[PDB]
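> so I've got this experimental structure, pasted below with the sequence.
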Amino acid sequence: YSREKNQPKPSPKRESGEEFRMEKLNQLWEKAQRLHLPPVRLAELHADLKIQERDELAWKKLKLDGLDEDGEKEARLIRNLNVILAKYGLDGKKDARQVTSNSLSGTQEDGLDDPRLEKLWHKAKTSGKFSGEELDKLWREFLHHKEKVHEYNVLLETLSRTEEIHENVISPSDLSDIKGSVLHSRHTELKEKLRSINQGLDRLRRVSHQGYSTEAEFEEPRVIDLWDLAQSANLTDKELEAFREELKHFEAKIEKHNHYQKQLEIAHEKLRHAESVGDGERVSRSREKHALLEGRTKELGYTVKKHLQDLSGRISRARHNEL
């Protein structure tokens, strides 16, 4: 009834020892142990890891014999490592960056390859102070767009293939079939995600074209104000009169420049709209005035610069009576 059959139970020996030849591998094994997984899964997972160890030995021996050269074998092993961790989703990481660092560095120098990218990078870097710290921030979002876009495009292109299957896409359906949260939802996500991305790039354009320095770059209430003082700085009547008219014209000139700038901005908007026509009309006329207005603006700034130096020196001191 009992059927003892067998029942071995000899004294225990070596209650501990080394499992894997590597401590690192041993650590991972312990991690799986604490995780606790089904018997079948544990045996299968453990087996796979064992294969990796064996393969490692083989790779070493192959190199010893002298066969590997491209290094694809090692790359395959590395890729598998990431793949296994990726599937398990145990590829956890956190920011910390220890106090010490290799600070070694010594590889190929790279940064900008596409001329278009160099335009924005250099434009800001010089347009103001877009120092690699600020440029880096802009780059954070730049690549962010590249990665997100590739995911949407890559994923779309991925499922796009499963559409021309045996070349067949048509059925007695005005809109296939929608019952809620099916097709319409996908289209909405497409417009929402793409428009968001499109708006994102537009935002970057607006930031670089709008999110820049504001307020007058000069018109300081010090230099110009000082000239205004001139009168209160105790001057002669003749010099005061010539000065009064001189200052009046200076303030009037700057004011006029500002007016042109306003019209220049509006004119620019019209140019963009007119260009949308495609007929090429009004484009030439708008461009002509566009450059002319820009020319006067630049010319005015130049004149002010010279006037600033001339007046600065002459006003330095009304030493020669009427100067």
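Now that the structure is in, tell me what you want to look at. Numbering: from 1, shown residues only.

> give the contact list for the residue nearest the centre of the chain.
A centroid search over the chain (CA atoms, centre = their mean) returns residue 142, at 2.0 Å, as the residue closest to the centre. Shown in contact with residue 142 (CB atoms under 8 Å, 6 or more residues apart in numbering): 117, 204. Any C-beta I mention is one placed from the backbone N, CA and C, and that applies to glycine too.

> can you tell me which helix or strand it belongs to?
Using DSSP states H and E, residue 142 maps to helix 132-161.

> those helices in the stretch 201-323 of the chain, which residues are they?
Taking DSSP state H, counting those that start in this stretch as the test, the helices found in the stretch 201-323 of the chain are 223-232, 237-275, 283-316.

> which one, of these, ends up nearest to residue 147?
Evaluated with CB to CB, those place helix 237-275 nearest to residue 147, the distance being 30.7 Å.

> tell me the angle that closest one makes with helix 283-316.
With axes from the mean of the first three to the mean of the last three CA atoms, to 10 degrees defining the directions, helix 237-275 sits at 160 degrees from helix 283-316.

> number the chain from 63, please
Happy to do that; since the first residue is 63 now, the last one works out to helix 299-337.

> just checking, what packs against helix 299-337?
On a contact count with 3 or more CB pairs under 8 Å, 6 or more residues apart in numbering; DSSP states H and E, helix 299-337 meets helix 285-294, helix 345-378.

> which other helices and strands does the first one contact?
Other helices and strands packing on helix 285-294, by 3+ CB pairs under 8 Å, 6+ apart, are helix 299-337, helix 345-378.

> chain center to the first one, what's the gap?
What it means is helix 299-337. 39 Å (CA atoms, centre = their mean, to the nearest Å).

> got it, and stretch 150-164?
Relative to its parent chain, stretch 150-164 has a centroid offset of 22 Å by CA atoms, centre = their mean.

> end to end, how far does it reach?
30 Å (CA to CA, to the nearest Å).

> buried stuff in the helix holding residue 204?
For helix 194-223, the neighbour count (16 or more other CB atoms under 10 Å) marks 197, 200, 204 as buried.

> between these, which sits nearest residue 373?
The nearest member of these to residue 373, counting by CB to CB, is residue 197 at 38.4 Å.

> distance of the closest one from residue 206?
15 Å (CB to CB, to the nearest Å).

> with residue 116 instead?
Distance, residue 116 to residue 206, using CB to CB: 41 Å.

> pretty sure residue 312 contacts residue 365?
No - taking contacts as CB atoms under 8 Å, residue 312 lies outside contact range of residue 365: 9.9 Å.

> rewinding a little: residue 234: which of the helices of the stretch 263-385 of the chain is closest?
For residue 234, the closest of the helices of the stretch 263-385 of the chain is helix 299-337, at 45.0 Å, according to CB to CB.

> and the angle from the closest one to helix 285-294?
Going by the same axes, to 10 degrees, helix 299-337 is angled at 150 degrees with respect to helix 285-294.

> so which bits of helix 299-337 are buried?
301, 302, 305, 308, 309, 312, 316, 319, 322, 326, 333, 336.

> first-to-last residue distance for stretch 144-155?
Start-to-end, stretch 144-155 (CA to CA) is 13 Å.

> neighbouring contacts of that stretch?
residue 110.

> what does stretch 177-194 give?
Stretch 177-194 is contacted from outside by 174, 196, 197, 200, 204, 270, 274, 275, using CB under 8 Å, 6+ apart.

> which parts of it are buried?
182, 183, 186, 187, 192.

> which one of these is nearest to residue 214?
Using CB to CB, these come closest to residue 214 at residue 182, 22.1 Å.

> how near is that closest one to residue 256?
22 Å.

> equivalent analysis for residue 162, please.
45 Å.

> same check, this time on residue 79
In terms of CB to CB, residue 79 sits 59 Å off from residue 256.

> likewise residue 364?
Using CB to CB, residue 364 is found at 45 Å from residue 256.

> neighbour-wise, which of these two wins?
Using other CB atoms under 10 Å as the criterion, residue 364 and residue 256 rank with residue 256 on top: 14 against 10.

> how far off helix 194-223 does the strand or helix carrying the more buried one point, in degrees?
Following DSSP H and E, one finds residue 256 within helix 245-271. Angle, helix 245-271 to helix 194-223, by the same axes, to 10 degrees: 160 degrees.

> buried ones in helix 245-271?
residue 266.

> who are the packing partners of it?
The helices and strands touching helix 245-271, judged by 3+ CB pairs under 8 Å, 6+ apart, are helix 177-189, helix 194-223.

> right, and these - which one's nearest residue 69?
Taking CB to CB as the criterion, helix 194-223 is the member of the helices and strands packed on helix 245-271 that comes nearest to residue 69, at 58.7 Å.

> how far off centre is that closest one?
How far helix 194-223 lies from its chain's middle: 8 Å, per CA atoms, centre = their mean.

> ok, now stretch 65-81?
62 Å.

> and the end-to-end length of it?
By CA to CA, the extent of stretch 65-81 from end to end equals 36 Å.

> before we move on, what about stretch 337-352?
With CA to CA, one end of stretch 337-352 sits 13 Å from the other.
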